[PDB]
Each structure stands twice: as C-alpha cells, then as structure tokens.
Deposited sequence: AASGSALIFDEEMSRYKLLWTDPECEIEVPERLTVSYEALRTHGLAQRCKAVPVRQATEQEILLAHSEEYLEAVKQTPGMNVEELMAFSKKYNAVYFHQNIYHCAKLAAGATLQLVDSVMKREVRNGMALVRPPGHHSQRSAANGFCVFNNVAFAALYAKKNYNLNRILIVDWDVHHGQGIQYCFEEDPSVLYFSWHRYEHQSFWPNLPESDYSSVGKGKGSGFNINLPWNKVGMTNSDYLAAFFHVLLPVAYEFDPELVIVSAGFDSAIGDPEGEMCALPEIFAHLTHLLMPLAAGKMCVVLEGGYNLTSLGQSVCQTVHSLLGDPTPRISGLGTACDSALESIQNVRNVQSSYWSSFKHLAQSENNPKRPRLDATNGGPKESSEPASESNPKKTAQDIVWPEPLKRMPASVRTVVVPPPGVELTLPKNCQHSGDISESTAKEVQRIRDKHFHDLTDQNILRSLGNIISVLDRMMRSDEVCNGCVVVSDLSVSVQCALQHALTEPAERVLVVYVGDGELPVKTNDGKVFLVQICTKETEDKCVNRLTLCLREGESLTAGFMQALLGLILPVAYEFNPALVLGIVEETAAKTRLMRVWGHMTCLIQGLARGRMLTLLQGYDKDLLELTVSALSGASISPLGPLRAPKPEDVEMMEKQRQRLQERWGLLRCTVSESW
C-alpha cells in the first residue's frame, strides 16, 4: 500500500513574467510560485514530501487536448521579440506571453503528468504540483485567462489513456470557472467536472452563459458537469462547506471516482483581489480532507490561481498538511449558507435531480484585508493508541501503538470513580477498561503525543459514563457522540455540551435539537442510506457543533463494515481528529478497520452506490426539517420568510 505525498516544483516555472504594462495581467507573478514553495519550506512540509522532478510534456501529450494549429502558433513564441509577443497576446482574452512561457507551459503540463504517474503507479498516496502558468481556462485552440495549455485536462486524458480509468473526478475550487475543462469533457461521462465560481449573474469574467447551473453536460455526458455559480462576493467557510455537503460530496461518493484531480486555485480564499471571497485558508484543509476517502486516497492537486501572496502561502500549506495526514484545524463560527448561496445550491440540486440518486427525491411531489494566522498543525508522535482485549496481539500500522500500562495516578482515579458512582462493581476487567479509557483520553488531550484511540470494552453504560464525564471535566467544551446501537445511553443532551448522533434499528421519536436519530431500514440499500445521512446530515451538524472530542460507540450486536471506515475517516475533520472509539465485544475485522481509518490509512472504495430506499430518504428529510432551524449548515434550500 502506498505512502507519502509528492510535491512537484521547479524554479524554472518562475522564469517568465509580464513584459509590458497591463493592469489586467499584472497580478500573475513569478512570486506566486516562489512564495508558495518557501512557505512550504518554512513550515517543514516540503521536507516531508517526496520531491519528484518536473519534465516537459511531449508534443503527443499536448495534442491530447489541443489542436496542431494552436500548438504550432505557441511553439513560435520563443523566437518573438516584445512587440511580437504583445501582438500575439492580444489575439486572446486576459493572457500574456513571454520568450520562456512556452517552455514553462510544457513544464507545468509535464509536472502534472509526473504527479499522475507517481500516484497511479502507487509510488505516493497523493500529491501536489506547484506549477505556472495555470491551465483551467485554456481551450483546444486558445490561450485564455493566464492559461496556455490545460494542465488538469491533460491529467485526466492521460490517466484515461495510460491507466484505462473509467471514472475521474475533477474538483475545480479556483474562484473562476474552468470553462476549458468543461468544454473538454462536456460529452464525456467518464470525467465528472465540478466547479464553483464567482459569477454574479454572468457579469463576472469570463461572462459565459454556460457557466451557469443549467449546463449539466451534453449527450452521453449529461449530468457529469456541475456548475455552482456564486452570485454575490464574500462567500464564507459556511458557504463552501454547504456546497461540499449538499452538492459535491453526494455526487462524488455516488460516482465513485478511480482518481481525483483538484484544480486548486486559491483565489477563492480571503484577501484575494480577484475572488473577493472570505473563506479562511483553513477551509482548504477540510476541502482536501473531505475528498481524501475517494479513490483510495489517490488525489492530484494542481495549482491554478491565487494572487494574495499571504493567503496563497497559507492555503497551500493547509492543503499539503492535509495531504500528509496532519490533524485538521477546528473551524469555528459555522452556520447557514447565505441566501444567495442557498439559491445557487437549491438550483443546481434541482437541475441535477434527473441524474443523481442523492437528489432524485426532489423531482417528485411525494418527496488591505487582515485575518488571524492559522495555528500550527503538528503530526502526533503516535497517531493512534489501541487497547485490544487482554492477551490479543495485533499487527499494527507503524504509527499505532498498544497502551494498556495504567499509571499509578490513573489507577487512583478509577478507585475514586468506582467508590462514588458504581460502588457495587468488582469485575476487575471492566475496571481495567476504565483505566484504559482514562489513560487513553489523557494522552489524547493533555498532549500532542497521541491524536486518537480505540478501546475494546465489556460494559457500555459504565464505559460511556467514564469516557464522557472524564472528557467533560478535562475540560472539553463540547463532545460529539456517535452511537451505533439501540437503547438509551447514560448521555445527557440538555446543557448544549453534547450532541448525540445515534444510528439504530427501532424508530424512536426525536425530542430535542441536540440529538439526531437515524433509523435505517435493514437490507440491501443500507450502505447508500448511511452515506446519504453522513454527508447531508451528520457532517453538517458536526461541523457546526464544532466538538473538542468525538466519542464513537458501537454496540456488540454489523453491516457497519461497509461504511464504518468512511465515517471514521470523515469524522476526523472535527476536533482536530481527536476521536475515542469504544467497541463493545471483540470483532477482529471491526477493530482492525477502526484502527486503520483512525491511523490515517487509505479507505477502500465503496463501489458505485445503488439507490437509497424512499422510506429512508423521507426519514432523513424529516430530520433535516426538524433540525435546520437550529443547525443552519443543514440547509440546502432558501428559507421561507414570514
């Protein structure tokens, strides 16, 4: 299994620049690259990646996406003087040329292909190419918007040809619409293209009618193009995450790509002069994290735009941190997307409901700038501690560790707790269980030496109490509890400090807005129903709740095995990954699977997802209706005003 992250960069790509005055192009500077790489070096991230050399894309490779006539014209620019370069540039929209730009365009494209090869050959898990010129505007026979050749369209066409992939996802989170990519794959169902972009009702560059939500692709590609137009500036973390939870991720996990390529422009970040959005650099840590359970983690991130040198460096680091597996930062202050974003989200979900099973229920009546520097992200010395039953030895990943050695002081705390709340209990195994929970929780919270952990236990009720109560006093301001099982637990959700997600089998009426109870019909379609609930209900609430600890609980009485790995991976977006899972009873497969996802290993794909049953969808949309007034990140429609 593959490990490591590639970082592909070469100083040569900073060796072209604008040679005449032009306020439109003067923002695209060599320093975008040098400042980004130097920020990765300053934070120690470059040193932790496998440096892979750039190469030139060959003529045959360029012709995958571009016409001979355009290639021949561009091939002439190294021989042009400044006057001739200016006149050549003016044939195109928002683009300038330089004696060295043809050379650099072949390097940006080849660097992208080097990244695809490193990932598809399992030489690294994932990676990023820091390249310029960018690519996503370039078209079959035209340069456009700083772009000469279409780096990301190369990557998908190359991965199709050389690795015979049938399903590729392209996520374009640059603030501009990648119309070059859209045109390239408009009729191709093997490449799913998602783009969000500043649009402002077509008044924002590139001013195209086909950048709107109504372009779903053409012919056999209908449904495999997803445009999400932003019709106001100032979109926030909540707008971006609502886009991911209610549009992109439902489609992404149903499509089940074999490779994910990100057109990663950071002009969608706060402070950028072209985007004018307000999302913090930390959001890209989460956009990256939420895509990583796809395609067994095979993700190629390709730099596009981003023009505020400060937010550019910070956003590049947040992404690579996430590619390397470092704990995600906590995002505070989340809530409802704004009305304009809810309108775009609602319109795209509705036009796409003909094509995607997560939206199908919508079709029938039955239904300068300043911001705080991001905090440091340290990988934990031991990521995951594990406490199997006594005597059970397991082969663990290199970043996991057993931990049964109860201290002296911890053992005094257990005696304390027994005397006070469970005077009538002497089962010395359950009492060892409590020692393990407390000692694991102390390592997780009191230090950056451990990130998360998993304990096998005998008795749920006393285990849950000690875990929850010990976390609350530490103090952890808020705790998210995810419980797979039936019956009530010793959990009080009345003070706002706990949110309880419960996945059960008996339909229990929901009282308060600090509980989400999902009773899913057992059968063939349990997997799709759980994923739909996870992406559209559990993650939105969890992200808004913003817990300091996640507590997972699995009752011994398990169609879990299909989807427990995806939940465990995705739920580490909360609480900087600090999650404690309690497994009742020994189940080797479940224990190994939990430890694997907790430890940052790649998650195996679910396969293309069949459809959820209507009874389950109705159940989930009733939960949304009940909860979205309190938890606004659940909203995916505009609210009715009085």
| property | result |
| --- | --- |
| Deposited-sequence segments unaccounted for in the coordinates | 368-398, 589-591 |
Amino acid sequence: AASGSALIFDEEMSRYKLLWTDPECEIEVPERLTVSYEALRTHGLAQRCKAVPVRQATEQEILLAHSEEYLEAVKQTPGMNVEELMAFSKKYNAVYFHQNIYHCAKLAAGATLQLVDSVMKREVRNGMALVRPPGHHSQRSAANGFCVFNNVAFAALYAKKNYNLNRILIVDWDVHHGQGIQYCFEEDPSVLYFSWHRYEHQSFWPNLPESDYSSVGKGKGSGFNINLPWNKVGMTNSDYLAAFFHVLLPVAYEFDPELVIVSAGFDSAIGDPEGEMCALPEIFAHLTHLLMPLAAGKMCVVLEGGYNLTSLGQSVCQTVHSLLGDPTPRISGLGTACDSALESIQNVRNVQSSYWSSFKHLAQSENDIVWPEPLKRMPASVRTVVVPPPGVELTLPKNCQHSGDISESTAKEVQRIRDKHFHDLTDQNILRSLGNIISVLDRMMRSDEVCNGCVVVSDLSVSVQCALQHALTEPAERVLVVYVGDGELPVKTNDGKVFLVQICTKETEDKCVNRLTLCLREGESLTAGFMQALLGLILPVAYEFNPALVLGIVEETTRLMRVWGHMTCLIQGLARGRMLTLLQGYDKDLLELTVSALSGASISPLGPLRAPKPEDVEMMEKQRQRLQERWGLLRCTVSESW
From here on, numbers count along this sequence of modelled residues.
{"item": "Stretch with the greater mean C-alpha B-factor as recorded in the entry, comparing 122-130 against 452-460", "value": "452-460"}
{"item": "144-152 versus 472-480 - greater average Cα B-factor per the deposited record", "value": "472-480"}
{"item": "Identity of residue with top Cα B-factor, from 190, 546, 347, 493", "value": "493"}
{"item": "Residue with highest C-alpha B-factor in the PDB entry, from 212, 408, 254, 239", "value": "408"}
{"item": "Modelled-residue ranking by C-alpha temperature factor, third containing residue 197", "value": "lowest"}
{"item": "Among modelled residues of the same chain, the CA temperature factor third for residue 488", "value": "highest"}
{"item": "CA B-factor placement of residue 232, once the chain's modelled residues are sorted into thirds", "value": "middle"}
{"item": "Ranked against its chain, the third holding the CA B-factor of residue 638", "value": "middle"}
{"item": "For residue 276, the third of its chain into which the C-alpha B factor falls", "value": "middle"}
